[PDB]
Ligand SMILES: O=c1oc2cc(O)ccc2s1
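As structure tokens, one chain now follows by itself in the form deposited without the ligand.
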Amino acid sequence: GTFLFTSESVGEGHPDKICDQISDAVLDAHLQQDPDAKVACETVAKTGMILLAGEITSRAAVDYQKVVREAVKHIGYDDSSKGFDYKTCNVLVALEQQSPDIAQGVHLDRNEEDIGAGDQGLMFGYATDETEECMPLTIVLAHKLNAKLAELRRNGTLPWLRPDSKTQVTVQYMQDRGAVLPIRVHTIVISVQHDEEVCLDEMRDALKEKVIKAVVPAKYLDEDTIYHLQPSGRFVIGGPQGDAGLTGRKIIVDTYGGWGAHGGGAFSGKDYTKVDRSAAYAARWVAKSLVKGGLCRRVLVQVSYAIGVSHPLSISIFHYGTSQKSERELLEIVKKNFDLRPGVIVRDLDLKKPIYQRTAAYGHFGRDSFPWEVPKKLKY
């Protein structure tokens, strides 16, 4: 009855994640001045370069140089010795207005509640009772390992650390009538950018003693746990210099770590009219509401949209055998309790508020009591 499952996470200075954070810094900067900004901001990062590309229609006056460089500063790339420096990098901007054809089909002259979806697409929400925050343990631990690295970098404990990191956690699980129960950690991977001087033994010792042991409960670690710490042997070159980054290339890190399902859409750089983000947040909210409401132990929700149409085209529920209600009954409960038009989701989840940069590392779900993490009390 046991099985393995693996999830990964990345750090704030991973080049794809840099792009997500910059895209959302740009979104937040617009929303701070114009709550109704239409934003579709892609970021690309390579050696010495941040490029913004996409479509923004907004009444805001945004200093892109400042916004980008402050985001990079926060991440920690502040010197050529680290491979990237917010003070001296190139920031290039290829931003246009939103297509008039999209605007007229989605939101022009439409009542806010009746705004069309900003695109077609499909989105999923997932929740699992295996952790109190209703997330898979694999992905929670992977995120926390990256957060620990950033903490020990910033507090000067491990000053050889640089911002670019990746982690991966394999858990051995058992099953209990469709719910999943973590037993032990089977394998951990950590790769993190480092300075020229520190040796591989010093790093591996610190990663086990100061990172893994500070994050993963000892009850999950045993003599058989496999550790792959700095498995490449050398990671001095990192950030965008080591690997080009793009917005929306960590969509599984951003969500459920391979559990559940994904419809393909990226979150960062997009305002609420882009259902790739708003409907995925709403679907998480639905899933978490069903689990915290005691209807399910685990649940997957699909929704889908057509551009220009407000109501979803389909809604589907899968409960993994963890409810005494049928999936049809759960669907009826969802339909009675939630309105998944984007122009209603925006009100319920307060999606004009400029909090998006906070979402763009360490996963969008399972932390900080964002509105989509606060369950709805269900009537049925």
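So that there is no doubt, residue numbering starts at 1 and follows the sequence shown.
Although not depicted, the form solved in complex with the ligand is the subject of the following passage.
- The site on this chain is open, since the ligand, superimposed from its pose in the bound PDB entry on the surrounding C-alphas, has no atom within 2.4 angstroms of any backbone or C-beta atom.
- In the bound PDB entry, the ligand lies within 4.5 Å of some heavy atom of residue 147.
- By the criterion of a heavy atom within 4.5 Å, residue 365 is counted among the residues contacting the ligand in the bound PDB entry.
- Taking the partner from the other structure, the ligand in the bound PDB entry has a heavy atom within 4.5 Å of a heavy atom of residue 133.
- Interface membership of residue 143, defined by any non-hydrogen atom within 4.5 Å of the ligand in the bound PDB entry, is confirmed.
- Segments offered: 218 to 226, 135 to 143, 195 to 203, 153 to 161. Contacting the ligand in the bound PDB entry at heavy atom distances within 4.5 Å is 135 to 143.
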